[PDB]
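Just so it is clear: chains get the letters A, B, ... in the order the sequence lines come, proteins before strands, and each one is counted from 1.
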Number of protein chains: 2
Amino acid sequence: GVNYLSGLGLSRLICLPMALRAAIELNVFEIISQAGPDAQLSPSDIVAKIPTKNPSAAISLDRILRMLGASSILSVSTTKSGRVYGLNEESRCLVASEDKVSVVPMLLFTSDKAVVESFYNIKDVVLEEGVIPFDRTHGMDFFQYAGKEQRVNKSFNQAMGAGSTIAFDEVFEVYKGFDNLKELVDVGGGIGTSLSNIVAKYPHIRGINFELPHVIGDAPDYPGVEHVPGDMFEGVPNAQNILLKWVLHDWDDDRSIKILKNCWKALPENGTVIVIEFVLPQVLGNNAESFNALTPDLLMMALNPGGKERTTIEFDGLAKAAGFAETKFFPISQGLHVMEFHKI
Amino acid sequence: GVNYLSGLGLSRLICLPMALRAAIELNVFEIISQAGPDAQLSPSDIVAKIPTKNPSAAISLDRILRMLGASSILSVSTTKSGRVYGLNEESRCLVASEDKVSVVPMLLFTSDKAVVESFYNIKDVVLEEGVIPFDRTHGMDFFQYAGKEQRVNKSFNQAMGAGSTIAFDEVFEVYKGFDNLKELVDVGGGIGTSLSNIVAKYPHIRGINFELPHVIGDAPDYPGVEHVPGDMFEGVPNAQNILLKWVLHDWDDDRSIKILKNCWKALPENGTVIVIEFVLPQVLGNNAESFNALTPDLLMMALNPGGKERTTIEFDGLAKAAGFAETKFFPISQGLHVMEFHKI
């Protein structure tokens with residue numbers, strides 16, 4: 001006794017995110033917020049702000065909007081003139097507010113043509129050992145594909161850029177392990193902008209930006225930020241403390257352990273490696289904490305199958321395997337963790 | 001006071017359907033059913049049946065599976081050895097059973113590379129009047145793209161083929177308006193296979209398969225099925241009753257009304273046009289009835305923006321505009337309707 005009719009509804013799964021992508025690219029969500037909170041708007045109202053001459057723009061727009069509303073991405077009320085759509089707890093994070101940037105750049109990256117087309121081959125990871133779906137799909141490394149096509153390169157750096165500052169704004173409120181440092185080497189720090197932000201919140205830290213020479217060349221002079229080039233696999237510059245923000249998750253356990261051993265060497269006694277990652281919860285459910293680790297884990301499955309998200313248990317396992325003595329875990333919010341690897 | 005952190009979870013929306021596509025292509029769901037009902041299986045168990053030599057196949061497989069389970073496409077229990085996954089009311093429709101075909105061909109079509117890539121431009125429908133996103137995306141009609149690339153052509157005919165027999169199996173149980181006919185012209189009947197099925201369930205109907213000459217040529221001789229070629233826009237062969245299964249929804253109101261007028265002419269007095277469509281409910285919610293009309297409506301938005309799903313009210317409006325006297329509505333299940341346009 002099986003109802004296949006309601007099976008055909010599962011085609012909603014591929015439709016929804018593409019409905020969301022359209023609404024994002026049409027600024028639907030900003031228009032609704034610039035009309036004040038608890039403001040539900042009409043399609044005609046919304047399209048009024050959309051630069052189009054199309055007669056049947058409001059009609060077309062609703063086809064997108066009423067799918068979003070059906071699956072609870074917009075609040076819906078039913079006037080007589082038609083349906084009327086506002087923001088709810090899901091969609092309010094699609095509009096920035098002053099410098100608090102939104103998740104839009106991350107949603108636009110993880111649904112990009114290049115990424116999505118590489119998701120058609122994630123089964124190859126199960127079937128053929130060591131295969132990389134993105135590289136099969138496009139016949140080149142992901143970063144190679146960034147260099148050749150700039151839309152893909154720009155969305156990636158915006159996504160992670162956005163991503164990092166959303167995460168840091170919450171670690172600064174909640175994580176107090178920064179308050180009494182005087183030196184921090186960021187491993188893989190880029191040009192140092194994330195680090196120069198940390199220095200500004202905690203000026204007492206003399207920051208070191210450790211990064212491949214070919215990156216730190218262009219680096220601007222940030223106050224309290226010193227650039228030193230190098231390869232984290234040939235060694236890590238000595239410093240009181242180390243910072244690893246979303247670096248462990250790009251690597252399999254072998255090269256993580258390699259990284260964290262090389263970390264251990266530079267640290268003094270009583271030194272700490274700060275790790276900033278999302279943490280796969282011990283028990284997955286339909287909740288924010290879970291999906292914040294499952295969806296990056298699936299992205300890597302397509303782009304970097306060696307990379308992976310990890311649990312508290314597994315993270316401690318990497319730390320002990322590398323030689324670290326004690327591990328403390330400070331959950332921030334939604335599965336984001338700050339973790340310290342202590343050398344005692 | 002906005003939590004952007006849980007915003008990053010919305011990237012789950014594009015991940016999920018691609019996780020579902022992988023599991024489908026790996027036969028995950030059949031493997032689980034061939035192990036008996038209420039059988040939750042381990043990743044290692046499932047991959048045991050998967051033809052791979054990859055050492056870390058079970059590990060990789062879980063990355064897909066635990067996303068499906070997190071969003072309730074699989075039932076999940078937590079043994080000590082790991083997680084264990086069964087079918088629930090959502091996923092049981094992904095396995096056929098004897099001739100009862102599953103929704104798999106439809107899910108595989110609506111998530112196909114060609115379709116999905118054309119979903120990146122559905123906003124163009126709002127912006128530029130009369131633009132067709134699929135034709136912009138691929139620089140050719142959809143059916144042209146079927147002819148050139150056969151994977152896309154084969155999935156389409158399987159999808160609708162599947163789709164039609166799932167729908168008919170429910171109309172035969174519930175719709176009794178077939179029991180006392182003796183003639184039925186199917187408008188747009190193809191080679192007649194859907195119609196030759198109807199004749200078999202109701203032999204007393206002398207069936208007529210009305211279709212473009214270039215289709216009905218290859219047509220096999222089905223008992224109780226007569227082929228006559230023609231163009232529904234230049235006229236419809238005279239018959240006691242007419243059948244319109246998923247034809248009205250491909251056309252805007254003008255050409256629907258054109259079709260239904262041309263229908264009216266051939267019918268006698270007391271004749272009926274049977275319409276088989278899904279019906280956009282007057283009030284959309286997160287339910288099967290809604291999504292069974294919203295998702296085809298969004299597909300057409302990408303492939304056939306002139307086509308559209310309609311409500312009971314709107315369907316009656318097409319019938320009265322064409323000259324029909326009375327309209328009866330018989331909901332089957334999940335938003336599927338059989339509707340008769342009466343000529344009295």
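- Ranked by non-hydrogen atom pairs under 4.5 Å with chain A, the options B:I59, B:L20, B:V125 are led by B:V125.
- Both the backbone and the side chain of B:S71 come within contact range of chain A, with heavy atoms under 4.5 Å apart.
- Interface residue A:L127: backbone and side-chain heavy atoms are both found under 4.5 Å from chain B.
- Note that CG of A:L16 is 9.0 Å distant from CG of B:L298, once rounded to the nearest 0.5 Å.
- Of all the listed residues (B:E89, B:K308, B:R63, B:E117), the one sharing the greatest number of non-hydrogen pairs under 4.5 Å with chain A is B:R63.
- Proximity to chain A (any heavy atom under 4.5 Å) is shown, for B:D62, by neither the backbone nor the side chain.
- In this structure, chain A has a heavy atom under 4.5 Å from the side chain of B:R21, while its backbone stays farther away.
- Ranked by non-hydrogen atom pairs under 4.5 Å with chain A, the options B:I50, B:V101, B:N292, B:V2 are led by B:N292.
- In this structure B:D45 satisfies the salt bridge (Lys or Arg N to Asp or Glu O under 4.0 Å) test with no other residue, sequence neighbours excluded.
- Residue with the most contacts toward chain B among A:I166, A:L5, A:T110, A:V95: A:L5 (heavy-atom pairs, distance under 4.5 Å).
- Rounding to the nearest 0.5 Å gives a distance of 5.5 Å between CG of B:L299 and SG of A:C15.
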Please tabulate, for the side chains in residues 277-285 of chain B, all donor-acceptor contacts under 3.5 angstrom to protein atoms that are two or more places apart in sequence or on a different chain.
unit_1 : atom_1 : unit_2 : atom_2 : d
B:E277 : OE1    : B:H249 : ND1    : 2.8
B:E277 : OE2    : B:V247 : N      : 3.3
B:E277 : OE2    : B:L248 : N      : 2.9
B:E277 : OE2    : B:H249 : N      : 3.1
B:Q282 : OE1    : B:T311 : OG1    : 3.1

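- For a residue to count as touching a neighbouring chain, one of its non-hydrogen atoms must lie under 4.5 Å from one of that chain's; by this rule B:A57 touches chain A with backbone and side chain alike.
- With rounding to the nearest 0.5 angstrom, the NZ atom of B:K123 is 13.5 Å from the OG atom of A:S60.
- Taking the centre and axis of the six-membered ring of B:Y120, the NZ or CZ atom of A:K113 falls inside the cone set by 45° and 6.0 Å.
- Taking chain B as the reference chain and counting heavy-atom pairs below 4.5 Å, the highest number among A:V104, A:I332, A:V47, A:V116 is found for A:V116.
- For the atom pair A:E129 CD and B:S56 OG, the distance stands at 4.5 Å (nearest 0.5 Å).
- The OG1 atom of A:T295 sits 7.5 Å away from atom CG of B:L8, with the distance rounded to the nearest 0.5 Å.
- In terms of heavy atoms, A:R92 sits closest to B:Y4 at O-CE2, 4.1 Å.
- Ranked by heavy-atom pairs under 4.5 Å with chain B, the first of A:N287, A:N3, A:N121 is A:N3.
- Atom CG in B:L294 sits 12.0 Å away from atom CD1 in A:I64 (nearest 0.5 Å).
- When each of A:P296, A:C93, A:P51 is scored by its heavy-atom pairs under 4.5 Å with chain B, the top score falls to A:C93.
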